[PDB]
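Q: Kindly return the folded structure for what I paste below:
(chains A and B, ligands or ions: 3)
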Amino acid sequence: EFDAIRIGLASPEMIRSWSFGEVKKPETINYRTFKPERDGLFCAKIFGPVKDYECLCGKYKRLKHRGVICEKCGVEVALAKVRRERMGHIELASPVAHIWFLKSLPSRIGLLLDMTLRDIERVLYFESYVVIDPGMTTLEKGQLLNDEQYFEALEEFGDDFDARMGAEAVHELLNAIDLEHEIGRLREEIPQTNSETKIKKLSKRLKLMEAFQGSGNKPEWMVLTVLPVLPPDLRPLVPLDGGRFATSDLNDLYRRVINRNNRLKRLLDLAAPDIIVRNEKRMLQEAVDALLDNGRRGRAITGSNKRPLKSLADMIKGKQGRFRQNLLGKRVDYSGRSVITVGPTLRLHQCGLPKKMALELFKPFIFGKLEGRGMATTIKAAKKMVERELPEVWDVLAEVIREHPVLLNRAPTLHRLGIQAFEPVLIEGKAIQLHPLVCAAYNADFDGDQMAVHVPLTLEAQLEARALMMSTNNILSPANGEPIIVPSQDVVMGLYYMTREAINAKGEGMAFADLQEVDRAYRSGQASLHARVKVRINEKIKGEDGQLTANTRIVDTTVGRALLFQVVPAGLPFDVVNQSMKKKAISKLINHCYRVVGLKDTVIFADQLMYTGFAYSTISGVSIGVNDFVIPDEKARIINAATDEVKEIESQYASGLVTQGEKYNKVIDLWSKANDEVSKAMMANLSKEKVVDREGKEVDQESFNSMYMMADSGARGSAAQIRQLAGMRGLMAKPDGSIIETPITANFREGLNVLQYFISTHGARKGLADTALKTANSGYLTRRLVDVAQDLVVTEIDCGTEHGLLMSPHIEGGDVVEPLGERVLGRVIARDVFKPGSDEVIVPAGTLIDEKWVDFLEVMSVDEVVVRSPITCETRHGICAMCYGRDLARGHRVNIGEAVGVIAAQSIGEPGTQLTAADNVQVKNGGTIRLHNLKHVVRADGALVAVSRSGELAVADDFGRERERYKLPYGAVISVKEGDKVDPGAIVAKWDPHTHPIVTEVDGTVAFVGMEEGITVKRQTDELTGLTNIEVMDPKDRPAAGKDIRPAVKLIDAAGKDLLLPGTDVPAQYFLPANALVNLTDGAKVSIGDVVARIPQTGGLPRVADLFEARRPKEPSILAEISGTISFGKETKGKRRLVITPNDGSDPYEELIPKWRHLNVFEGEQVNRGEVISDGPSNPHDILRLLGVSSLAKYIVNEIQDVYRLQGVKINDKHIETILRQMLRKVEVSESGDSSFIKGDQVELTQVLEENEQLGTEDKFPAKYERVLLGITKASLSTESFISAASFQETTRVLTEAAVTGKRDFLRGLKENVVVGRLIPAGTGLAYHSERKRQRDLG
Amino acid sequence: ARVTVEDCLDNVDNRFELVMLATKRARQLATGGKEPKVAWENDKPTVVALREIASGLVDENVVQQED
Ligand SMILES: [Mg+2]
Ligand SMILES: [Zn+2]
Ligand SMILES: [Zn+2]
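A: Residues are numbered from 1 along each chain as shown, chains lettered A, B, ... in the order given. Ligands and ions are numbered 1, 2, ... in the order given. You can find the structure just below:
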């Protein structure tokens, strides 16, 4: 085996070892005979022969001595594949510096030479002179010199001054650079300098010189004297029809550098002057430039070609960005494609396959059975038999294909269910048959879609397609526990018609003995399909595992409902069949059958439903006719009544009573109110349209209309689409974003007009234009999420951590959205679950929560249980299986080796193709009011007004859990009712959001202090004595004298004593912001909590992708740094700085905010660092470094789910939190002491270094760190392996960094092993890597 | 009758080491090293090797001792 690949600079002694000869002549072929000659690019002396075991003379052509060498010439005999490994090298007269160290922005030569990028280029082009080895001279090495300046330097010095110009002057300095002494000059001057731009330059000097020596690299290895050549097989000359041939673009670049090298190799003894010796060297330096990379600096061109030459840098990158063309696509054998075709007579664990494809895909397998049987001994005789297609070939073709599974997959694959193995069955035709039930997972319809096919060969692959990739194993969806093999539209429609109940039908009131006797009466024609009968059933209950009991029970059901029970196995009760059996009813039936009986009986039950669904649907005459789209008689009454009301509104617009800004709102609100009035009258007529008559008077039942059956069953169609056929369409949206005032009155049945049809095109073309863009954005979103979750493979079975996250149901809003049982289903418990009473335990340890424990926790009043999240379990190199939840496809726990990082990124990008007031508090439920995190003092009047901005109103039910939790604003007046039952709809708060309430806890006489008339306060009143108060002045509109003065209305006692609030020595004072209106004058008594002053106050793929990139919004919310005292900054300084002074520890440091955004200008209040100050979008960067890591993970899952729940999809919380673990792997260090000051290290790397250094005598060698959140684009490049960073993007910068550092790569990832050829360490390949490390660890 | 790789995966409850014991077991039947205990079902060697795991006739220590 092999591993530990290295990247380093090539030495001049090592290049001469791989080479087999020296090339000096550009001639490589002859025109008389197309055979190579000696000393050429395609020569046979250095490289291999043109054919196997041949030479130029042709004397020795035997196979006895393959390693012998020819004596007539220098070309030896060898194989044909030897031309790919042998290579040569050219001898240069003058060394030339490479371009890899100068193409990147930080020049690798300039950082080690203390020079700039332009200065290092001026020396190589003979444009300026430099001095080296000055010694006892005033000239420096970094300083430049001209032709006249260097001559004057030799006159004043006389000696000890050597000025060299060219590439040899640069190489002469690298040999005597003194890297061991150069680091001492920067380290000794480290504490001397104090600058920001000088400290960053100092960190890059020490981090690169340390890795330069620790890797065994040499400084003289940067410039290369010789240049290796590519083997000739990678740039061949293949002739084509017409006597013509083709030459690669690389052959012209090598020819240009060889002839110019010989022109310099022959001008070493001709006494060339200085005018030409400086230009002939630049002819060779530009040739190496055009060979390495083009388009940046040189951009060389050739004849009859506008595109630049494809250099060696452009051939490895190719198209599709930085990703190579071989990695994006690779052609495979034993494949094919055809048109799909639905087949109802196929089993679930098999599929169809044409005879013409099975004969070509399994061609090598047929040759193995004909030789083993004894029919054809020679493989040539068996080839002629399979082409003639005799009757004997079809016998062995069906024999070799009996249990060999094949693979089937569509062209676009977004999840793991795209590739499912099937068992091929020989059919007749040219199409590939597919099972009708597995089409929901493939996301493909029978409209011309083409699916691929693959054939496994080895024995290890046949066992893999029968254990994991089989169609019977991947029943549950990887996103949620709901099965994906749920009956589709056509079979559900057949089952919905079967489970029906009619008031009057043929064969009603009869009594049947058993299900077999009831089915006999239906086939005879004496009993209808849906009729009220009385049958006796025989069912088995499985309440106790391992025992099955039988019992007879007579129920009142229909004939159709009794026939469906013959399909479900006896393990399930009868109550799961007596329902109407809609689409959602069968989805809960398979999910219940999967967790009660097992899997062997579920596949048979899921297959038998398709047979009984199609058989009873073909007997039904379900057809959509014109008479099915009924029109209610109330449609003409609502339209004629709405048309008369609009005529009253438009007539008032010409008089001047109503404006145009309000007429647009009244028209869109009148037709909208008329749109719901038609829909309510239409559905009420369609649901009770059928009227049956029995025993005299008629009765009403559910209508059996063909259109209503497709909507009630939910098989195909929606409730909103019915409003477009038999009802009015309503208002439409314009492309600009507005809504047309006049709606479309007619519908699809009555026919649209020429102008009404033109309106519906605006919304249709915009919908067809979005489905062409979501295919590119969703495909780009799933690529960034999977590139950051590849190295996360479950490898441990027991971690031992005691941390987790608190789980609570969706209590926000009026009602609950997501219950607790649907959130902790499959997640193990973190700590012990406690009863409402003390000294009680429910769950002893971290046991896996299953369907049995969900009902056990729902009976109790427990609502806040802590679980183990992937954001916890800080172990390195994977995530433990204990903290990880249950498997999404398998009902048991996650096994060791399943790559949960790939299935987590695909579950997010899979549904991407489908995704595009506050005045008073009115509760909707009743219960005891419980306040949390709210500090409200008592009120003398009894209103209990709370001026705190932090608080929430929560009503508790009879069980003790908070059913509804609302948000309480600041300055809200609410009356407490703790311990009393509240009625539904009772008002609890009567706050006003138009004016900002200002209250003071101090109760007494208030007097304004520090208020100046004409500067801070202005005596301005309203007209006709409307408002007689004192209006304050603005901070910018005030004078220069009243700019630094801030009013402060202090509250004291009425007798003259200073009153202060408990807790702080600073007395409580009333705030006086700008443009405030104080109704109560100074010197009057004010109640506690009263109003002091009066101050008036996207969505889709770009929204979900913004949370993973940590992109800061345009308007960020302003918060507080450290809790304490809140104040207002100086208005004259131009920067509002709210100073802080906590009671425990005073912090003189503070922050400054610009005057562009105005928010919380109240002078004197609490800080509430956790509570936001400026309303708006919140950035995830400030939340992590302020509160912690538990709230950031809770905020991401909450905001992401609100975007997916809008469309209707349901994604588990395990996949959202899995990506959060990889983005929180990088941390920053403030005071290291053992490493650099500002560097990027992993959290797991800092924890192991901290724990090891604590075990010492000093016990203080460790340091402190801080968690920082990074985006998905920045976290992908922060990897140790250069292969994962080169395949993502920008393979040029990562390839140069690994050269000067000398990193040793350890192949232990997923993307690193797919390019080398070894097995992946995830899945079944973990057992192979376990034996490799065991053998390596032994020695 | 047919091979049941779904219930057999629930006995070991691994679904990852089951294919490892089945690979070395199915290779001995194709090369002719050992005769299967269960009668031949006129199927390939990859099918009989999976039925012996659920029956309990072979194991990790049993397949190692046969080689
Ligand atoms: Mg299609
Ligand atoms: Zn020869
Ligand atoms: Zn864990």
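
Q: residues of the longest helix along chain B that come out buried?
A: The single longest helix within chain B, with elements called by DSSP state H, is helix B:18-31. Using 16 or more other Cβ atoms under 10 Å in any protein chain shown as the test for burial, helix B:18-31 gives B:18, B:19, B:20, B:21, B:22, B:23, B:25, B:26, B:27, B:28, B:29. For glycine as for every other residue, the C-beta is placed from the backbone atoms N, C-alpha and C.

Q: Hmm, residue A:467 and the first one touching each other?
A: Yes - using Cβ atoms under 8 Å as the test, residue B:18 is close enough to residue A:467 to be in contact (6.6 Å).

Q: which neighbours do these two share?
A: Applying Cβ atoms under 8 Å, 6 or more residues apart in numbering or on different chains, one finds that residue B:18 and residue A:467 are jointly contacted by residue B:9.

Q: picking up where we left off before, TSV for the buried residues of helix B:18-31, including distance to residue A:1048?
A: Listed next are those as TSV, based on distance: Cβ to Cβ, whole Å:
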residue	distance to residue A:1048
B:18	78
B:19	79
B:20	79
B:21	82
B:22	83
B:23	83
B:25	88
B:26	88
B:27	90
B:28	93
B:29	94
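
Q: Specify which member of these is nearest to residue A:133.
A: Of all the buried residues of helix B:18-31, residue B:20 has the smallest distance to residue A:133: 67.1 Å, by Cβ to Cβ.

Q: Next up, the contacts around that closest one.
A: Contacts of residue B:20 by Cβ under 8 Å, 6+ apart are A:1324, A:1327.

Q: go with 7 Å
A: residue A:1327 (Cβ atoms under 7 Å, 6 or more residues apart in numbering or on different chains).

Q: Contacting ligand 2 as well, which ones from the buried residues of helix B:18-31?
A: By Cβ under 5 Å from the ion, no member of those lies near ligand 2.

Q: could you dump the residues you listed to TSV with distance to ligand 1?
A: Below are the buried residues of helix B:18-31 laid out as TSV (distance: Cβ to the ion, whole Å):
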residue	distance to ligand 1
B:18	37
B:19	35
B:20	40
B:21	42
B:22	38
B:23	38
B:25	43
B:26	39
B:27	42
B:28	46
B:29	43
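
Q: Check the offset of stretch A:583-603 from the chain's centre.
A: Centre-to-centre, stretch A:583-603 and its host chain are 31 Å apart (Cα atoms, centre = their mean, to the nearest Å).

Q: That stretch spans what distance, first to last residue?
A: With Cα to Cα, to the nearest Å as the measure, stretch A:583-603 spans 19 Å from end to end.

Q: Can you list the buried residues in it?
A: The neighbour-count check on stretch A:583-603 (16+ other Cβ under 10 Å) flags A:583, A:585-587, A:589-591, A:593-594, A:596-597, A:599, A:601-603 as buried.

Q: where does the nearest residue to residue A:1244 once chain neighbours are set aside fall, helix, sheet strand or coil?
A: Computed as Cβ to Cβ, 6 or more residues apart in numbering or on different chains, the closest residue to residue A:1244 that is not its neighbour in sequence is residue A:876, at 4.0 Å. Put simply, residue A:876 is coil when judged by DSSP: H, G, I helix; E, B strand; the rest coil.

Q: now the residue most central in space within chain B: how far from residue A:724?
A: With distances taken as Cα atoms, centre = their mean, residue B:49 lies nearest the centre of chain B, 2.7 Å away. Plainly put, residue B:49 is 58 Å away from residue A:724 if you go by Cβ to Cβ, to the nearest Å.

Q: Could you do residue A:808 as well?
A: Taken as Cβ to Cβ, the span from residue A:808 to residue A:724 is 41 Å.

Q: same deal with residue A:464?
A: In this view, residue A:464 and residue A:724 are 49 Å apart by Cβ to Cβ.

Q: Over to residue A:528?
A: From residue A:528 to residue A:724 the distance is 34 Å (Cβ to Cβ).

Q: Helix or strand: which one has the residue of the stretch 401-550 of chain A found nearest ligand 2?
A: Relative to ligand 2, the nearest point of the stretch 401-550 of chain A is residue A:457 (41.9 Å; Cβ to the ion). Following DSSP states H and E, there is no helix or strand that holds residue A:457.

Q: Which helix or which strand is home to residue A:652?
A: helix A:635-655.

Q: Which strands or helices does the helix or strand just after that helix pack on?
A: Scanning forward in sequence from helix A:635-655 by DSSP H and E, the next helix or strand is helix A:660-687. Judged by 3 or more Cβ pairs under 7 Å, 6 or more residues apart in numbering or on different chains; DSSP states H and E, the packing partners of helix A:660-687 are helix A:635-655.

Q: Can you name every helix or strand that the helix it packs on contacts?
A: Right, helix A:635-655 is packed against helix A:660-687 by 3+ Cβ pairs under 7 Å, 6+ apart.

Q: For chain B, which residues are neighbours of chain A?
A: Within chain B, the positions lying close to chain A (Cβ under 7 Å from any Cβ of the partner chain) are B:4-7, B:9, B:13-16, B:18-20, B:22-23, B:26-27, B:43-44, B:46-47, B:50.

Q: For residue A:1210, give its distance to ligand 3.
A: For residue A:1210, the distance to ligand 3 equals 25 Å [Cβ to the ion, to the nearest Å].

Q: helix or strand right after the longest strand seen in chain A?
A: When chain A is scanned for its longest strand (criterion: DSSP state E), the result is strand A:87-96. Next helix or strand after strand A:87-96 toward the C-terminus (DSSP H and E): helix A:100-103.

Q: Pull the residues that contact the helix or strand following that following helix.
A: Counting by DSSP H and E, the next helix or strand C-terminal to helix A:100-103 is helix A:108-113. Applying Cβ under 7 Å, 6+ apart, the contact partners of helix A:108-113 are A:101, A:102, A:116, A:117, A:120, A:204, A:205, A:208, A:222, A:1296, A:1300.

Q: could you dump the residues you listed to JSON lines with neighbour count, secondary structure and distance to residue A:1253?
A: Formatted as JSON lines, the entries for the contacts of helix A:108-113 read as follows, by neighbours: other Cβ atoms under 10 Å in any protein chain shown; DSSP: H, G, I helix; E, B strand; the rest coil; distance: Cβ to Cβ, whole Å:
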{"residue": "A:101", "neighbour count": "20", "secondary structure": "helix", "distance to residue A:1253": "37"}
{"residue": "A:102", "neighbour count": "18", "secondary structure": "helix", "distance to residue A:1253": "41"}
{"residue": "A:116", "neighbour count": "12", "secondary structure": "coil", "distance to residue A:1253": "40"}
{"residue": "A:117", "neighbour count": "13", "secondary structure": "helix", "distance to residue A:1253": "40"}
{"residue": "A:120", "neighbour count": "17", "secondary structure": "helix", "distance to residue A:1253": "41"}
{"residue": "A:204", "neighbour count": "11", "secondary structure": "helix", "distance to residue A:1253": "26"}
{"residue": "A:205", "neighbour count": "18", "secondary structure": "helix", "distance to residue A:1253": "26"}
{"residue": "A:208", "neighbour count": "16", "secondary structure": "helix", "distance to residue A:1253": "25"}
{"residue": "A:222", "neighbour count": "20", "secondary structure": "coil", "distance to residue A:1253": "36"}
{"residue": "A:1296", "neighbour count": "18", "secondary structure": "helix", "distance to residue A:1253": "34"}
{"residue": "A:1300", "neighbour count": "22", "secondary structure": "helix", "distance to residue A:1253": "29"}
